[PDB]
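Single-structure report; data block below.
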Amino acid sequence: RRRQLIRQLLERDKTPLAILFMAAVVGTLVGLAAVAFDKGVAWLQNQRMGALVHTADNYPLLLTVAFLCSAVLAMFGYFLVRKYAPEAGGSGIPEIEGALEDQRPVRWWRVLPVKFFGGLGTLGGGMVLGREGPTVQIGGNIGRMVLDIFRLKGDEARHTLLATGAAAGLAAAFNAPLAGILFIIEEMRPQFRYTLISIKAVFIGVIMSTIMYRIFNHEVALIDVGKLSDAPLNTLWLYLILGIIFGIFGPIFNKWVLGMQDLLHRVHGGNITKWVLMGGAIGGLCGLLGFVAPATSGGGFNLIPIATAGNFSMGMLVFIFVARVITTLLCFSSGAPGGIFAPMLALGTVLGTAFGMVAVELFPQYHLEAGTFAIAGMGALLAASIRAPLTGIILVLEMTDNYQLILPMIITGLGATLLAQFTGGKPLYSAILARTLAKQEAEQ
Amino acid sequence: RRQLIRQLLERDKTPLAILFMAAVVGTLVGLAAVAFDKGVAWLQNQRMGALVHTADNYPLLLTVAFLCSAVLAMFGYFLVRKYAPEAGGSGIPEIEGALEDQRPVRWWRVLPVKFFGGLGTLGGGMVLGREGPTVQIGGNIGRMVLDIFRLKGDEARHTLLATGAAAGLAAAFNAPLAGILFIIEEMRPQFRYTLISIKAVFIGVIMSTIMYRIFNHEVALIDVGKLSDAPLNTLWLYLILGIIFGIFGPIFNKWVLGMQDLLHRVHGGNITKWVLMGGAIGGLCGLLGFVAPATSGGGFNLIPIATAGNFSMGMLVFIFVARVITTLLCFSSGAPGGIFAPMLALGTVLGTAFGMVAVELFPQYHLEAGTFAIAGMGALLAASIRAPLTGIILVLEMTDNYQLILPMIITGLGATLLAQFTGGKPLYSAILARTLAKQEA
Amino acid sequence: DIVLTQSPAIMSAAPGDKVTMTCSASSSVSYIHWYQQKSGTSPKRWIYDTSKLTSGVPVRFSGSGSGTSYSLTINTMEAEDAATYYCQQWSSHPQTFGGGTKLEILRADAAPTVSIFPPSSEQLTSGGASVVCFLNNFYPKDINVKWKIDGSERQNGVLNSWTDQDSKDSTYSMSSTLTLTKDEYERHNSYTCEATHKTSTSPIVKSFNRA
Amino acid sequence: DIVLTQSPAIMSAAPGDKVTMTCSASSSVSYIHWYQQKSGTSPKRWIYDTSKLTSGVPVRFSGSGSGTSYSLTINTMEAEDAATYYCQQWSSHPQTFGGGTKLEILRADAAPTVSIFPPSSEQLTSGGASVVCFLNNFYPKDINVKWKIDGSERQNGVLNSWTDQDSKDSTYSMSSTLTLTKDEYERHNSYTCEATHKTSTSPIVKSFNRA
Amino acid sequence: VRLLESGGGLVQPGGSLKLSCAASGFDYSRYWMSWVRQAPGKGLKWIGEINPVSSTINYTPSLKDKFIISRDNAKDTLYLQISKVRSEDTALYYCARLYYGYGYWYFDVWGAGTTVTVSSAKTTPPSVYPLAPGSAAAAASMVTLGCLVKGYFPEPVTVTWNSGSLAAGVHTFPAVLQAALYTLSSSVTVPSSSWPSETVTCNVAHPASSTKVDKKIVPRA
Amino acid sequence: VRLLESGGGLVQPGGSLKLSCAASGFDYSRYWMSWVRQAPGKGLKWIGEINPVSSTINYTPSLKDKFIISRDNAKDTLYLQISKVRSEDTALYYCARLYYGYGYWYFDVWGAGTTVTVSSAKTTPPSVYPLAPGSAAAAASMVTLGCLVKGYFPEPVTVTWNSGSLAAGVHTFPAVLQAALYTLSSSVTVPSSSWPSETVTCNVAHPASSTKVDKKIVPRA
């Protein structure tokens, strides 16, 4: 056996030039795709503003159009998904973890157009859903499609192209190349058993995509919190406690996100229409709040800066928190195409600020700044829910550029994963593949 | 498939006992590394207050600079040759093995040897990093609490060993993220599944990182401040800088190894012809550490100065070559010490250089040598040890210049691609094959 | 050092028209920029990287190009676009700016507004007498003032000064000014200012008298 | 608002000696800080976080203590350690400071150097007649001045001021000024000035006469 | 964001001046400050630039020390030292803030200007002579007044009415040169039921001179 | 790194006064800054503290607006406004800079600190009197001198000899208040060979009174 090792060692990191050159072409396409998808979403949300400007006069006629536009966009959304690709629904991340295990199919000839135009509707409508979802899954199929189109054979070529497409898509979605890689190698990849995935082949893809995003999205970031303060050592425990909190709540939020999936299923039973309509209902409901209180609706980024700065009252926080916990489930559990990834980031941020404020006063001698605890908890849900901290801490640190908080960032995020395990929780993204992979047997 | 659904619902459920031990391992590796670090420093210092004592006479001054490092290096190699032939070298490969279960973890020996062994080699001021000694003192520490508490199973044994490692690398470069990423990218069993609890590790890493902070706050290791940004029409320049590090990476590998063989003859295997050739190279370095500190020492002290551009295009090329020398001579001689950090101090230098040449040929880019310095600071860890993801993150974690990230990767990736297409191999892996093969033969 | 040279050095278009200046280089550039200089103001970055409108810059504008020959267009120009455009590059060092393109607008006819003034009390209190006479907001630029001292011609010591097309209304203006010794002014009474413009055949006149 | 109470109020110690001063919080404090304050200079941050020496403090100093009682020591104090130390905590908002311990170099008895000055002619040329009687450098700061006009006690108008210990010789000094009216002073001749200090049984007198 | 260069003026052939553009509204460091100049009627020429830490300073194809660009990050101010002047350097001196998009650099935000006129003459404060309508004031719906500024060196002068509060209907004519001196007029057209009744004031400024005069326009009494 | 605080003075009961601390040599932001005051004879008492973005400002237990603390991160300056002042405010006011080791903040770098006086008495110029040995001057090895600065208010007066160049043997007692007026003395001890024969000059200055005087000590007659 050792005689074998000595063989493999001297043979390590030698990936087929052909696999590398395709990861490079996959990336370039995912990048262009994610850029395009991003552009389209924005154009739509915009066309809706230039529709509320068109009726600024009449208020009720104003609240109506805000609704009917998101309602009419979400419908066209859910439809495309129900009629042409029932997998496009939901995040779309689990459907890839599956495809890497060879348990799920990669119907790209369908999922690409569906998930795409399917998402423009749901995001264009302004619901509470992230972009990664649609892009991580649009990414996979991209890698798949070039795999099949170029005929490339083998486990490496299949698992690799399919895994760069996922990671490249997550990078161009949050403009964070490192988090893209760290995601595959920490979650996305076959969690129990060796796999033929060329990490170096991935980078290439991630970069190619990241660059395509920069070509079109330079001079302005996504989240900008500037440079908050430092965290003295005698301060650390506070982020452990903030971690314990996120820890016990993480599982709960998981119970909700799933149960709601079932409950929201009855409401339509499975009927395409009772579904497409329940969609337009939640779609317009979000296009509404996106006017009468934007902080409860929409993706979630716009408010991260405002919360970290502390420009929200201790009340305005709790309100947004709850209101959002609602708008988020209502949107993810409904089965609309869209990652429940970013909204968790927007959520932790809010629960973070809050913890900060309370801390701020109880300990005046610490000279705290709610902002630090906001950034500490910004990725703490990704820790207790999806249960992947290493990707969380690096995605944050990559968007908030506050490396002097790294320690607290981990101590919070770690305490979250320990309190999610000891209180029963599970990998929200995994639990979903079990739910779907079982419902394939269960129905036999 | 029906098995997967079972495993999924069971994922990330590591034995509380394993976690609580990763926590105690870390705390110890942390305290250890701090202690080690303090020791080295105290020694290097004691040597200054020895050159102050003879500032008058120059030749008598150059002698003492030598005889102290010579006498410290000998006592170093000795302890390694007489009580633990594995403590020699980096010490990183001896753990990659240990995780494969191909090598042994003689902690009852290696801890005291590697430790006082290094204090001798570093305190003398030779060209070796701290990670090696601490990554290996780390693993053993993991082991020790594994045997001492008698935790059984594969998870408990592979996990406490790896955290010991990671946590060891962290407190060495005060960079928790890199610690983790190292294990999961290099250190772990590269071809097969393994029972390692990632979450268990963090805990260790943190515990260590915190121990370091408890005693080493208020100042960093490398401080280059905040350099400029890098326009898109500038990227290709880092790819080229990457292609360079890429073809030279393998060559530096051939040298680091061949020199190992050639330096072997000079003593044959004889404990003394070795312990002496050690005091020779040890005193040689304690000398240059006076007549030209840039050629000797760990290598950190000069990274700031080079990135700032406070070195002539000549003074660079000199330091580079002088160092490529002082580095092999020290690592291939088999002394206890990582050839990790010194590659960092090397990339930085070759980086600055590329910078300067670029700066002038393209005045319309408005470049700053410093950005290419930091783009290449981790470019050797990319072409030699062939682990980029850990490199890019190690740098980024010490230089804090996230706005360079794109170039950093494009350089580093270009290095790994030019190292593969030009024959090279994982310098840290190739060393395990060398030793694992010399074992069954 | 790269030499960009722009097309029409001065061009004239009636608003709502499509207008397109040019800019060529000796060698090769890429990602050129353009600036806007309206009278009495430093330039303002207008378009960059060959075709990205700055923030504010009307979407009336559009830029294009490649290597040797580049352009700047205004799909339906608007009278507020009266200024001078400078294509500049830095695609090669040193950066080099263009010659410029003054854009002039063509509005409908525009009758003056003459005003004559009585040498300021104080100006006189030192031996000077300057009989001022403005001619504000008119179109064709083409105008002709004539002074008449005690009913008689005058060409000595007379100065004219036109302003440049105004940004918003596209009309010109003008100050024409006569100077004499305080005395040489006191020894006459009639001071009539007289303009002949395309709008009218019958000169527009304006006078005052000492007494 | 913990109440820090430094221990010795004031205390003397001969150079090379070993000294400790206290600081008992009223509740629980953690990582007391210490400041040094030499007459005339703003407080300097000596020891911090109960035991750390601030970059530069002579390792002669050693901070220490816990929970309710802390302390500072000088293993072989020198003379350049003549100052006043302030303990400070801020583990419990809001920051509080100690009463302060005054550290004074102990030295060998010194006799006062009595010097007596008659009024300035400048002063008397305007009713004032201040007769100053300096008492420079001596050891125990316990000293007493007594004035006598034409042989007879006098306490009305006397105005003493002492110097805080000399940086150098570690001695004390005091100026005692008796004031009068040009006339109160003139209608008298004798003006003696007696000093009484441990370094002498009988006092050190030092007069003068107008006449 | 304001770049406001001062220090310009009159300079005799073969001499030195030190223009300075002070910065405000942004973070000075990080920025590539540069100049550029416009010679009268002509186009623009890049004098030089000077990176954040002042460790790079380039100029155009220009000899020795014609130019000397320097910066004081501590006072957010740029500098310019032209020595050995001739009439080729007579011009308008701007200073910009340098940036980029895709990276092929550009001049972002240009400051105002500052005029450096090379000549042997003398500086001469201008004289302001208010111009009120004649005594035969046919004060129709609208009334035109105006102030005459004459005999000053060198360019330029700036004229505002009631401190810029009065911006509509104002005109200013290009100054004309007459015997080593400059002269210009400003006309301001206001409501006639607005002037007599209130206060129309012209505030004239001559920078080189370092004088400013506010001339209140009173009717011909 | 310098912490220079000005603005102290003599205000009268019920008054106000903006103390000012200007910082140099280190980034004003990122830092917390706070004032600490010491009343004569007495100890140090923290007044308040304020952070970077001045989003937080805390005082010691005081009434409503006894103290208003602000900082201007553009002029790298910290202020402190006191109002309705009583004599309990009569003190020496220090500004600091705040930092930590483990995290229990200390007062890192102090400043020299300006002085506030709270009284009714009016500023008043001092009289300088040369103190020369009597006529029965027992002229020994050493010979003592000095001048008497009496009759002034408020503090401080400053006194040096021959301009500092005579700094050994100089005793400068403190001033003693009495009857709304300050008084102090100074000693100067030099060599008998040294004095009558040269020129010992004592130099008083009372910033407030707006005075300066160098009393030349010279032989009683």
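Scheme for the structure tokens: letters A, B, ... for chains in order shown; per-chain residue numbers from 1; ligand numbers from 1 in order shown.
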
Those of chain C in DSSP helix (DSSP H, G or I), formatted as JSON, numbers by chain
{"C": [79, 80, 81, 121, 122, 123, 124, 182, 183, 184, 185, 186]}

Those same residues - N, CA, C and O atoms - I'd like them written as a compact mmCIF listing (two decimals), in the first residue's frame.
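Saved the output as selection_36.txt:
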# COMPACT_ATOMS: atom_id res chain seq x y z
N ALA C 79 -29.21 72.57 -27.83
CA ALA C 79 -28.57 73.85 -27.67
C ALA C 79 -27.68 73.98 -26.44
O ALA C 79 -26.79 74.82 -26.44
N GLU C 80 -27.90 73.17 -25.40
CA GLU C 80 -27.07 73.29 -24.19
C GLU C 80 -25.74 72.61 -24.38
O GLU C 80 -24.88 72.64 -23.49
N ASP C 81 -25.57 72.02 -25.56
CA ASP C 81 -24.35 71.32 -25.92
C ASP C 81 -23.32 72.22 -26.62
O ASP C 81 -22.43 71.75 -27.33
N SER C 121 -19.81 109.55 -13.54
CA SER C 121 -19.42 110.74 -12.80
C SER C 121 -17.96 110.68 -12.36
O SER C 121 -17.18 111.59 -12.68
N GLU C 122 -17.59 109.62 -11.64
CA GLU C 122 -16.23 109.43 -11.14
C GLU C 122 -15.19 109.19 -12.22
O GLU C 122 -14.04 109.62 -12.10
N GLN C 123 -15.57 108.47 -13.26
CA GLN C 123 -14.60 108.21 -14.29
C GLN C 123 -14.13 109.55 -14.80
O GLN C 123 -12.95 109.74 -15.10
N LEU C 124 -15.07 110.48 -14.88
CA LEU C 124 -14.78 111.83 -15.34
C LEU C 124 -13.86 112.54 -14.35
O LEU C 124 -12.95 113.27 -14.76
N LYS C 182 -11.55 113.75 -20.75
CA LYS C 182 -12.79 114.24 -20.14
C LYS C 182 -13.28 115.45 -20.92
O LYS C 182 -14.48 115.63 -21.14
N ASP C 183 -12.32 116.28 -21.33
CA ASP C 183 -12.58 117.51 -22.09
C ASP C 183 -13.20 117.20 -23.46
O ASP C 183 -14.36 117.51 -23.70
N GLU C 184 -12.40 116.60 -24.34
CA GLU C 184 -12.85 116.23 -25.68
C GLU C 184 -14.27 115.64 -25.68
O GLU C 184 -14.92 115.59 -26.72
N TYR C 185 -14.76 115.21 -24.51
CA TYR C 185 -16.13 114.66 -24.39
C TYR C 185 -17.09 115.78 -24.01
O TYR C 185 -18.21 115.85 -24.52
N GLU C 186 -16.63 116.66 -23.12
CA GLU C 186 -17.42 117.80 -22.63
C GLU C 186 -17.73 118.82 -23.77
O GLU C 186 -18.78 119.47 -23.74

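Once chain E has been superposed on chain F by least squares across all Cα atoms, the two differ by an RMSD of 2.2 Å.
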
Record the distance separating atom CA of residue D:53 and atom CA of residue B:30, expressed in Å with one decimal.
23.6 Å

Near chain A, 8 Å: chain F residue rows, closest pairs, only C-alpha atoms, as a tab-separated table:
residue	atom	partner	partner_atom	distance
F:30	CA	A:229	CA	7.0
F:100	CA	A:232	CA	7.7
F:101	CA	A:232	CA	7.9
F:102	CA	A:233	CA	5.6
F:103	CA	A:232	CA	4.9
F:104	CA	A:365	CA	7.4
F:105	CA	A:365	CA	7.6

Would you mind exporting C-alpha atoms of the selected residues as a PDB file, in the first residue's frame?
ATOM      1  CA  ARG F  30      -9.355  55.281  14.891  1.00  0.00           C
ATOM      2  CA  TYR F 100      -5.413  49.306  25.678  1.00  0.00           C
ATOM      3  CA  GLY F 101      -3.307  46.234  26.274  1.00  0.00           C
ATOM      4  CA  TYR F 102      -5.657  43.360  27.052  1.00  0.00           C
ATOM      5  CA  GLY F 103      -8.637  45.694  26.810  1.00  0.00           C
ATOM      6  CA  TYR F 104      -8.949  47.675  30.038  1.00  0.00           C
ATOM      7  CA  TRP F 105      -8.312  51.159  28.715  1.00  0.00           C
TER       8      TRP F 105
END

Least-squares fit chain D onto chain C by Cα, in order, and just send back the RMSD.
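Fitting chain D to chain C over paired C-alpha atoms yields 1.8 Å.
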
Sorted per-residue table, chain B near chain C, closest atoms and distance, 12 Å, only C-alpha atoms, as a tab-separated table:
residue	atom	partner	partner_atom	distance
B:233	CA	C:91	CA	10.3
B:360	CA	C:93	CA	11.0
B:361	CA	C:93	CA	10.3
B:362	CA	C:93	CA	8.2
B:363	CA	C:93	CA	6.7
B:364	CA	C:93	CA	5.5
B:365	CA	C:91	CA	9.3
B:366	CA	C:93	CA	10.6

Just N, CA and C atoms for this one: save the residues we selected as a short mmCIF file (atom, residue, chain, number, x, y, z; two decimals), in the first residue's frame.
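This is the output file again_5.cif:
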data_model
loop_
_atom_site.label_atom_id
_atom_site.label_comp_id
_atom_site.auth_asym_id
_atom_site.auth_seq_id
_atom_site.Cartn_x
_atom_site.Cartn_y
_atom_site.Cartn_z
N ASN B 233 -6.38 46.38 -16.97
CA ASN B 233 -5.39 46.39 -18.05
C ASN B 233 -4.00 46.13 -17.48
N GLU B 360 8.77 51.04 -14.94
CA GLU B 360 9.29 51.88 -16.01
C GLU B 360 8.80 51.53 -17.41
N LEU B 361 8.85 50.27 -17.81
CA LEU B 361 8.38 49.93 -19.15
C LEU B 361 6.95 50.38 -19.41
N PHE B 362 6.19 50.55 -18.34
CA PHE B 362 4.81 50.98 -18.47
C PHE B 362 4.54 52.09 -17.48
N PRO B 363 4.83 53.33 -17.89
CA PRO B 363 4.60 54.48 -17.01
C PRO B 363 3.14 54.86 -16.99
N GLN B 364 2.40 54.46 -18.03
CA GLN B 364 0.98 54.76 -18.13
C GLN B 364 0.06 53.84 -17.32
N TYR B 365 0.65 52.88 -16.61
CA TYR B 365 -0.11 51.97 -15.78
C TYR B 365 -0.10 52.52 -14.37
N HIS B 366 0.92 53.32 -14.07
CA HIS B 366 1.06 53.93 -12.74
C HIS B 366 1.20 52.83 -11.70
#

Surrounding residues of stretch 127-132 of chain C excluding itself and chain neighbours under 5 positions, 10 Å, only C-alpha atoms, as JSON, numbers by chain
{"C": [115, 116, 117, 118, 119, 120, 121, 122, 147, 157, 158, 159, 175, 176, 177, 178, 179, 180, 181, 182, 183, 184, 185, 186, 191, 192, 193], "E": [129, 131, 146, 147, 148, 185]}

Residues from last step as file, C-alpha atoms, as an mmCIF file, in the first residue's frame:
data_model
loop_
_atom_site.group_PDB
_atom_site.id
_atom_site.type_symbol
_atom_site.label_atom_id
_atom_site.label_comp_id
_atom_site.auth_asym_id
_atom_site.auth_seq_id
_atom_site.Cartn_x
_atom_site.Cartn_y
_atom_site.Cartn_z
ATOM 1 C CA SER C 115 -28.230 100.363 -24.245
ATOM 2 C CA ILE C 116 -26.091 103.473 -24.069
ATOM 3 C CA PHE C 117 -24.386 104.920 -21.002
ATOM 4 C CA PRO C 118 -23.260 108.392 -19.753
ATOM 5 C CA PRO C 119 -19.539 108.359 -18.787
ATOM 6 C CA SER C 120 -19.570 107.672 -15.028
ATOM 7 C CA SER C 121 -19.416 110.740 -12.799
ATOM 8 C CA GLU C 122 -16.234 109.434 -11.136
ATOM 9 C CA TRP C 147 -20.954 106.027 -33.150
ATOM 10 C CA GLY C 157 -10.812 105.192 -29.636
ATOM 11 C CA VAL C 158 -13.717 102.801 -30.245
ATOM 12 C CA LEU C 159 -13.538 99.187 -28.996
ATOM 13 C CA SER C 175 -19.951 95.649 -25.727
ATOM 14 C CA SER C 176 -18.590 98.383 -27.972
ATOM 15 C CA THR C 177 -16.820 101.139 -26.108
ATOM 16 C CA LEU C 178 -15.763 104.691 -26.881
ATOM 17 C CA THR C 179 -13.098 106.581 -24.966
ATOM 18 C CA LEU C 180 -11.968 110.211 -24.922
ATOM 19 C CA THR C 181 -10.292 112.798 -22.662
ATOM 20 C CA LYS C 182 -12.790 114.238 -20.141
ATOM 21 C CA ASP C 183 -12.576 117.507 -22.094
ATOM 22 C CA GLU C 184 -12.845 116.235 -25.676
ATOM 23 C CA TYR C 185 -16.128 114.659 -24.390
ATOM 24 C CA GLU C 186 -17.418 117.796 -22.633
ATOM 25 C CA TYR C 191 -23.934 110.947 -28.315
ATOM 26 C CA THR C 192 -25.870 108.413 -30.336
ATOM 27 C CA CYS C 193 -25.078 104.666 -30.530
ATOM 28 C CA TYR E 129 -16.785 102.927 -12.861
ATOM 29 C CA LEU E 131 -22.740 102.614 -15.377
ATOM 30 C CA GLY E 146 -23.591 97.538 -15.770
ATOM 31 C CA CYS E 147 -20.187 98.344 -14.414
ATOM 32 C CA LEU E 148 -17.002 99.190 -16.369
ATOM 33 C CA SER E 185 -17.556 95.765 -19.125
#

If the cut-off is 12 Å, can you tell me the residues of chain F near chain E, counting only C-alpha atoms? I'd like them as a PyMOL selection string.
chain F and resi 24-27+74-76

Those same residues, written as a PDB file, in the first residue's frame with N, CA, C and O atoms?
ATOM      1  N   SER F  24      -0.956  66.092  16.908  1.00  0.00           N
ATOM      2  CA  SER F  24       0.002  66.007  15.819  1.00  0.00           C
ATOM      3  C   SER F  24       0.909  64.785  15.868  1.00  0.00           C
ATOM      4  O   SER F  24       1.451  64.433  16.918  1.00  0.00           O
ATOM      5  N   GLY F  25       1.064  64.144  14.714  1.00  0.00           N
ATOM      6  CA  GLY F  25       1.923  62.980  14.630  1.00  0.00           C
ATOM      7  C   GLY F  25       1.270  61.673  15.017  1.00  0.00           C
ATOM      8  O   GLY F  25       1.669  61.045  16.000  1.00  0.00           O
ATOM      9  N   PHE F  26       0.270  61.280  14.230  1.00  0.00           N
ATOM     10  CA  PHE F  26      -0.512  60.047  14.391  1.00  0.00           C
ATOM     11  C   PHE F  26      -1.945  60.319  13.950  1.00  0.00           C
ATOM     12  O   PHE F  26      -2.484  61.402  14.180  1.00  0.00           O
ATOM     13  N   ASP F  27      -2.572  59.322  13.337  1.00  0.00           N
ATOM     14  CA  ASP F  27      -3.937  59.480  12.845  1.00  0.00           C
ATOM     15  C   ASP F  27      -4.990  59.790  13.894  1.00  0.00           C
ATOM     16  O   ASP F  27      -5.320  58.977  14.751  1.00  0.00           O
ATOM     17  N   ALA F  74     -11.469  66.732  11.278  1.00  0.00           N
ATOM     18  CA  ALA F  74     -10.919  67.326  10.066  1.00  0.00           C
ATOM     19  C   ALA F  74      -9.800  68.280  10.444  1.00  0.00           C
ATOM     20  O   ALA F  74      -8.882  68.513   9.665  1.00  0.00           O
ATOM     21  N   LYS F  75      -9.884  68.832  11.647  1.00  0.00           N
ATOM     22  CA  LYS F  75      -8.861  69.742  12.128  1.00  0.00           C
ATOM     23  C   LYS F  75      -8.030  69.022  13.187  1.00  0.00           C
ATOM     24  O   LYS F  75      -7.268  69.646  13.932  1.00  0.00           O
ATOM     25  N   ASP F  76      -8.165  67.696  13.223  1.00  0.00           N
ATOM     26  CA  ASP F  76      -7.440  66.874  14.182  1.00  0.00           C
ATOM     27  C   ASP F  76      -7.443  67.609  15.533  1.00  0.00           C
ATOM     28  O   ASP F  76      -6.388  67.862  16.127  1.00  0.00           O
TER      29      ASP F  76
END

Could you give me, as a VMD selection string, each residue of stretch 12-211 of chain F that DSSP assigns to strand (DSSP E or B) when run on this structure's backbone?
chain F and resid 16 to 24 32 to 38 44 to 50 57 to 59 67 to 72 77 to 83 91 to 95 98 to 99 106 to 107 114 to 118 124 127 to 130 142 to 145 147 to 153 158 to 161 170 to 171 176 to 178 181 to 185 187 to 191 201 to 206 211

Pick out the chain B residues within 12 Å of chain E. Count only C-alpha atoms. Give them as a PyMOL selection string.
chain B and resi 226-235+308-310+356+359-360+362-369

Using Å and a single decimal, report how far atom CA of residue E:92 sits from atom CA of residue C:54.
24.8 Å

Pick out the chain F residues within 8 Å of chain D. Count only C-alpha atoms. Give them as number ranges by chain.
F: 43-46, 60, 94, 101-102, 104-113, 129-134, 136, 144, 171-176, 184-185, 187

Near-residue D:140 list (8 Å; only C-alpha atoms; drop same-chain fewer than 6 positions) as a VMD selection string
chain D and resid 109 to 110 172 198

Mind writing the picked residues with N, CA and C atoms as a JSON list (two decimals), in the first residue's frame?
[["chain", "number", "residue", "atom", "x", "y", "z"],
["D", 109, "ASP", "N", 20.63, 65.08, 56.83],
["D", 109, "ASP", "CA", 20.43, 66.43, 57.39],
["D", 109, "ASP", "C", 21.26, 67.55, 56.79],
["D", 110, "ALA", "N", 20.59, 68.66, 56.47],
["D", 110, "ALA", "CA", 21.24, 69.82, 55.88],
["D", 110, "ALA", "C", 20.79, 71.09, 56.57],
["D", 172, "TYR", "N", 15.29, 71.00, 50.56],
["D", 172, "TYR", "CA", 14.13, 71.86, 50.63],
["D", 172, "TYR", "C", 14.59, 73.31, 50.65],
["D", 198, "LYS", "N", 15.82, 71.29, 63.08],
["D", 198, "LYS", "CA", 16.47, 70.12, 63.69],
["D", 198, "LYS", "C", 18.00, 70.10, 63.67]]

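Closest approach to chain D among A:267, A:406, A:362, A:129 is made by A:362 (distances from only C-alpha atoms).
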
Skip residue D:38 itself and residues of its chain fewer than 6 positions away, then list as a VMD selection string all residues within 8 Å of it, counting only C-alpha atoms.
chain D and resid 82 to 84

Using N, CA, C and O atoms, can you export the residues from the last selection as a compact mmCIF listing (two decimals), in the first residue's frame?
# COMPACT_ATOMS: atom_id res chain seq x y z
N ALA D 82 11.86 60.03 41.84
CA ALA D 82 11.23 60.97 42.73
C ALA D 82 10.09 61.49 41.88
O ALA D 82 10.31 62.18 40.88
N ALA D 83 8.87 61.13 42.28
CA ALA D 83 7.68 61.52 41.56
C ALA D 83 6.48 61.21 42.44
O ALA D 83 6.61 60.96 43.65
N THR D 84 5.31 61.22 41.82
CA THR D 84 4.06 60.93 42.50
C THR D 84 3.34 59.94 41.60
O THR D 84 3.12 60.21 40.41

For a test of reading the model, state the distance in Å between atom CA of residue A:135 and atom CA of residue A:30, rounded to one decimal.
7.9 Å

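With only C-alpha atoms as the basis for measurement, B:44 is the residue among B:44, B:140, B:163, B:295 that approaches residue B:119 most closely.
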
Using only C-alpha atoms, which protein or nucleic acid residues come within 10 Å of stretch 206-213 of chain B? Drop anything in the same chain fewer than 5 positions from it, and give the result as an NGL selection string.
(:A and (233 or 236 or 407-408 or 410-411 or 414)) or (:B and (22-35 or 37 or 164 or 166-177 or 179 or 201 or 218-219)) or (:F and (102))

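Among A:16, A:250, A:335, A:343, the residue with the shortest atom-to-atom distance to residue A:304, counting only C-alpha atoms, is A:343.
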